[PDB]
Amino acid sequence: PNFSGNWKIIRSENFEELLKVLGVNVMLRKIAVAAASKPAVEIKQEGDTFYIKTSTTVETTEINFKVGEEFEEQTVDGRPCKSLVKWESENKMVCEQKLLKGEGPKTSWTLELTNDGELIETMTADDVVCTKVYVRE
């Protein structure tokens, strides 16, 4: 299972609603779900080591991490966090996040690859789950 590729979003379920519950205002939510904020995800995997670059029309960000090694990123609502990814299976990674400052919803994310080559992303905050699906260019 190789996650590498240039991934384009084809499905998105419950993302705006998941920002809504988190206090993100209507203006920012509508920007986030707008066509222009659609995420192009570039992944390069080398064994347990990942590079993931996320670009929209106005933003670009990169993370580098190795499965099993703590790193810092941001929660979906931008709050800095310490993250740790584990393999749940050969085709599925799971990440637990802990805030660097203050308190908040318990947040996590997962990425998994289907046999048909789709990339499924979930993001969770407490009891709310968002699912996005991507396909390779």
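Heads up: residue numbers just count along the shown sequence, starting at 1.
Student: Mean C-alpha B factor from the entry: is it higher for 71-79 or for 104-112?
Tutor: The stretch with the larger mean CA B-factor is 71-79.
Student: Between 21-29 and 117-125, point out the one with the higher average CA B-factor as the PDB entry records it.
Tutor: Between 21-29 and 117-125, it is 21-29.
Student: For the listed residues 54, 45, 97, 37, which one has the largest C-alpha B-factor as given in the deposited model?
Tutor: Largest recorded C-alpha B-factor: 37.
Student: What third of its chain, lowest, middle or highest, does the C-alpha temperature factor of residue 89 fall into?
Tutor: It belongs to the highest third of the chain when residues are ordered by C-alpha B-factor.
Student: Can you work out whether the C-alpha temperature factor of residue 60 puts it in the lowest, middle or highest third of the chain?
Tutor: For residue 60, the deposited C-alpha B-factor lands in the highest third.
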